[PDB]
Each structure stands twice: as structure tokens, then as C-alpha cells.
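Reading through the C-alpha cells given below for one structure.
Basis for what follows: all heavy atoms, side chains included, without hydrogens, waters or symmetry-related copies. Throughout, a chain's letter reflects where its sequence line sits, starting with A, and its residues are numbered from 1.
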Number of protein chains: 2
Amino acid sequence: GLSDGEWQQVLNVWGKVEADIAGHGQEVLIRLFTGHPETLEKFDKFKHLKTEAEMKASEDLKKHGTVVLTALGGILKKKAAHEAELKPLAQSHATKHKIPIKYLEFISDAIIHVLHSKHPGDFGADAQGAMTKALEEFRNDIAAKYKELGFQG
Amino acid sequence: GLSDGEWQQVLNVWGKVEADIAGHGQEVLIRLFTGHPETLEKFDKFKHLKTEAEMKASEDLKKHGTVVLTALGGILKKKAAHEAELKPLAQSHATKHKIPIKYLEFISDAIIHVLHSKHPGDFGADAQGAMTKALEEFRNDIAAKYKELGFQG
Ligand code: HEM
Ligand code: HEM
């Protein structure tokens, strides 16, 4: 994972991308298609683009560059926001509290039990299945940070 | 990964948790400590609590259950937000576009080159290292989704 420092360097340069997303997107795609021509073969809608000049002239290649970098920016920002809340919790539970993954499993089971007990009408089999998967994914995310910190959970 | 409806079910039940977070946090910790007394030994503040009654009267245990469910709710909400953008991208690139992970590495290389070319002042060696790490983690998150779909990227 990225530290707060590394995410800050990523988000700082992404601010420059957002000042001209279409220009950056066009340049990225032309760099990709000129360096690795097999990648252009994946775009049926760009079959008419046969030279770097034709690529530069394409309205729809520039529009697609905007689609790509807009989607990537969103995913980078949402990943950083998740990391900013997960990392401090994994740090303390690895290093200070020393909480095994087995104990995170026990509290996950307790949350499911209390939700079923307090919300039987609402928290039905499908919703309980959804929460079981969400808490498993949470434990796996902590376990990956544990392995990085050298803490055997 | 949760389906779109599955994340909405998790967010919906967390709204109910937040309507009585103190009560939910008490009942979760009481269920953990009564079901798995070995977990109570990690809490130097609570380890003297013997019965559900004593645990229920502890202001310190109630305070802590609220801190736990507040932290977990924030991580679930940030995970849901990241998944909502990552999942559809992985789905289309596996099932419709059939994009190998190597081609995502080629476009990552192009992004790093264009940012270095355009913004050298905000994209020195340390910032480039950070972006390399962020795009490798993005590719690994896509690869994880490919594996779930049985697409060999
Ligand atoms: C940073 C990496 C990438 C991002 C963020 C990205 C994002 C997107 C988005 C948002 C779409 C439109 C919605 C969708 O179908 O999912 C799309 C479409 C597509 N992408 Fe990607 N993409 C990436 C990399 C690639 C690469 C490397 C290739 C091929 C070498 C590729 C091939 C395609 C194709 C063929 C389409 C459909 C184009 C069309 O006909 O409309 N993608 N991509
Ligand atoms: C969903 C799971 C969990 C969440 C969200 C969570 C969250 C938190 C938070 C926010 C804190 C305070 C800030 C910090 O030190 O990081 C904390 C402290 C702590 N947690 Fe956890 N925790 C979880 C599971 C567990 C489990 C299973 C145990 C033990 C079996 C545990 C033991 C502790 C201890 C000992 C502290 C320090 C308490 C104190 O000295 O006041 N945690 N936890």
C-alpha cells in the first residue's frame, strides 16, 4: 500500500491532469498505441486510425482519453480514501494491540449475531450474506497490511 | 467482491446501527466477551468484568463499542465507494474488451511518461515512484477481479 506521503504525491500530480484531462488522455493513448501497436487492435472503433497523424486528428480518440483518465482518477481517489481509514487501524491492531485474525473473525461473528438479533425483519438471509462477505473482505484487507508490517496475525 | 445490491444492504443496515450506535456497540462487545472470554484478556480496562450485567453497566465498555463501530462503518463506506468504481471497470475489461494485465502495464508506463514530460516540477523521482506503486496496486486490484471472473488476464 501507499503511505499518506506517497498518496499526496499521486493526488498532487493528478490535480495537473484534471486541468486538461482531454489533452493528457489523448497523449497517453497515442503514446500507448505508437509504443505497443497490438493495443490499438483491441479498439474496433479505432480501426480507421492508421498513422500518428490520423490518431492526433481523431475526435473520438481524444474523447476516449478523457473517459479513461476520468475513470482512473476516480479509482485512485477512492483507493486513497479507503487506505486513509484502513491503514491506521491495521497499524495499531498489529503493533500495539497485537489482535490475531482469529479474534477479528470472532468480532465479525458477534456483529452478525447482534444485527440478526436487533433487525430480524430487515437483516434477512441475503443481507446477512452481504455483511458476512463485507466483514470477510475487511479481515482480508487487515491481513494484507499485517503481512506488510511483518505482524503474524 | 460484493454485488451492487449487496453493498447497498450493508450500507442500509449500518444506517440502523448508527441510529443507536451505543446500544449496538455494547451488545457486540458483550457477545464477543461472553462467547470468547479469551478476547476480554486484551482489554486491561475491562478484563475484571465477569457478567453481562457488569459489562452493561460499564461506561468505558459502552464508549469503546461506539469507537469500534464508528471506525468499521467508515471503512465499510470507503470500501463500498472504491468497489462501485473498480468493479464495473474490471467486469467490462475482462468480459467485453478482454484486456490482458500486460496491456494495463503498457498504459501505466504511458501515463508515467506523459506526467514526467508535462509536469517535471511535480513529478520528480519520489513522485514517479509513488505513481508507479499506485498504478501497480490498481493493476493488482483488477487482476484480483479477473481471477474471481475466471478471466486469465
Ligand atoms: C488505466 C487503464 C484503463 C482505464 C481506467 C480504462 C477505462 C475505460 C472506460 C471507463 C471505458 C468505458 C466503459 C467501460 O467499458 O468499462 C473503457 C472502454 C474500453 N477500454 Fe479501457 N481502460 C483502461 C485500459 C485499457 C486498455 C489498456 C485497453 C486496450 C489495450 C482498453 C480497452 C478498452 C476498450 C476496447 C474499450 C471499449 C471502447 C469502445 O468501443 O467504446 N482499456 N475503458
Ligand atoms: C471490527 C473490528 C475492530 C475495529 C473496527 C476496531 C477498532 C478500534 C479502534 C478505532 C480503536 C481505538 C484506536 C486504535 O487504537 O486503533 C481500537 C482499540 C483497541 N482494540 Fe480494536 N477494533 C476491532 C477489533 C478488535 C478486537 C477483535 C480486539 C481484541 C480481541 C481489539 C482490541 C483493541 C484494544 C485492546 C484496543 C485498545 C483499547 C484501549 O486501550 O482503550 N480490537 N479498536
Side-chain angles (χ1 to χ4, degrees), chain A residues 85-153, chain B residues 9-79:
Chain A
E85 290 202 22
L86 182 69
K87 189 182 55 174
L89 187 70
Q91 213 285 324
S92 66
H93 284 68
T95 66
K96 182 177 202 184
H97 315 313
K98 299 177 176 82
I99 306 307
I101 295 295
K102 204 183 79 224
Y103 290 9
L104 298 185
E105 292 169 354
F106 298 156
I107 198 173
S108 297
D109 295 336
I111 293 164
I112 295 287
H113 175 94
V114 166
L115 291 180
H116 179 263
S117 172
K118 296 186 73 64
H119 313 289
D122 308 81
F123 192 75
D126 287 358
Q128 177 168 321
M131 182 64 71
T132 301
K133 292 175 195 183
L135 297 176
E136 182 148 11
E137 181 178 74
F138 163 76
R139 294 193 307 276
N140 293 341
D141 286 349
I142 292 290
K145 296 219 168 312
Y146 276 14
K147 283 196 178 63
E148 286 179 4
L149 290 166
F151 176 57
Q152 187 53 277
Chain B
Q9 291 170 317
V10 171
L11 296 180
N12 288 347
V13 73
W14 217 262
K16 298 191 160 76
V17 170
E18 289 180 357
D20 181 21
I21 198 158
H24 285 82
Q26 281 179 301
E27 290 189 36
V28 168
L29 290 181
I30 292 164
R31 173 69 178 183
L32 173 67
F33 297 148
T34 69
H36 303 278
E38 67 268 35
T39 61
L40 186 58
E41 293 187 18
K42 289 300 197 156
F43 294 90
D44 288 292
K45 273 278 151 187
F46 307 149
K47 46 160 201 180
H48 59 92
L49 297 166
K50 315 276 290 191
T51 70
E52 172 151 352
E54 285 174 309
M55 289 174 185
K56 214 150 203 197
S58 167
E59 287 313 316
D60 283 344
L61 183 152
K62 179 173 172 297
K63 271 182 60 201
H64 192 60
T66 289
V67 168
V68 171
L69 292 186
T70 299
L72 177 59
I75 290 165
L76 294 176
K77 288 167 190 180
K78 293 293 190 284
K79 188 73 176 188

Problem - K78(B) NZ to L86(A) CG distance, which is reported to the nearest 0.5 Å - result: 12.5 Å

Handout entry: Step-by-step side-chain contact (heavy atoms from CB on, under 4.5 Å) determination, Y103(A) to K98(A)
Key = CA-CA 10 Å; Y103(A) 290 9; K98(A) 299 177 176 82; over 6 Å; no

Completion exercise
d(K62(B) NZ, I30(B) CD1) to nearest 0.5 Å is 11.5 Å

Problem - 4.5 Å side-chain heavy-atom contact, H97(A) and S92(A) - result: yes

Exercise for the section: Give the intermediate values and the outcome of side-chain contact (heavy atoms from CB on, under 4.5 Å) for residues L29(B) and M55(B). Expected result: CA-CA 9 Å; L29(B) 290 181; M55(B) 289 174 185; over 6 Å; no

Practice task
Specify whether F43(B) and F46(B) have parallel, tilted or perpendicular ring planes, treating 30° as the upper limit for parallel and 60° as the lower limit for perpendicular.
Solution key: parallel

Completion exercise
Of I142(A), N140(A), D141(A), the one forming a side chain to side chain contact (heavy atoms under 4.5 Å, CB included) with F138(A) is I142(A)

Completion exercise
Closest non-hydrogen atoms of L49(B) and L40(B), given as atom of the first, atom of the second and distance, are O-CD2, 3.4 Å

Exercise for the section: Identify the heavy atoms of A94(A) and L149(A) that sit nearest to each other, and give their distance. Expected result: CB-CD1, 3.9 Å

Exercise for the section: For the pair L61(B) and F33(B), evaluate side-chain contact (heavy atoms from CB on, under 4.5 Å) and give the outcome as yes or no after the intermediate values. Expected result: CA-CA 11 Å; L61(B) 183 152; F33(B) 297 148; 3.8 Å; yes

Exercise for the section: Kindly give the heavy-atom pair with the smallest separation between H93(A) and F151(A), and that separation in Å. Expected result: O-CE2, 4.2 Å

Practice task
Applying side-chain contact (heavy atoms from CB on, under 4.5 Å), run through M131(A) and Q9(B) and close with a yes or a no.
Solution key: CA-CA 8 Å; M131(A) 182 64 71; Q9(B) 291 170 317; over 6 Å; no

Practice task
Can you measure from CD (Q26(B)) to CG (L69(B)) and round to the nearest 0.5 angstrom?
Solution key: 11.0 Å

Exercise for the section: Kindly check if the number of other-residue, nucleotide or ligand heavy atoms within 6.0 Å of CD (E38(B)) is above 12? Expected result: yes

Practice task
Specify the closest pair of heavy atoms between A134(A) and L76(B), including all atoms of both residues, with the distance to one decimal.
Solution key: CB-CD2, 4.2 Å

Practice task
Answer yes or no: is there a side-chain heavy-atom contact under 4.5 Å between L72(B) and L135(A)?
Solution key: yes

Problem - For the student: nearest non-hydrogen atoms of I107(A) and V68(B), plus distance - result: CD1-CG1, 4.2 Å

Problem - Shortest non-hydrogen separation from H24(B) to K16(B) and the atoms involved - result: CE1-O, 3.6 Å

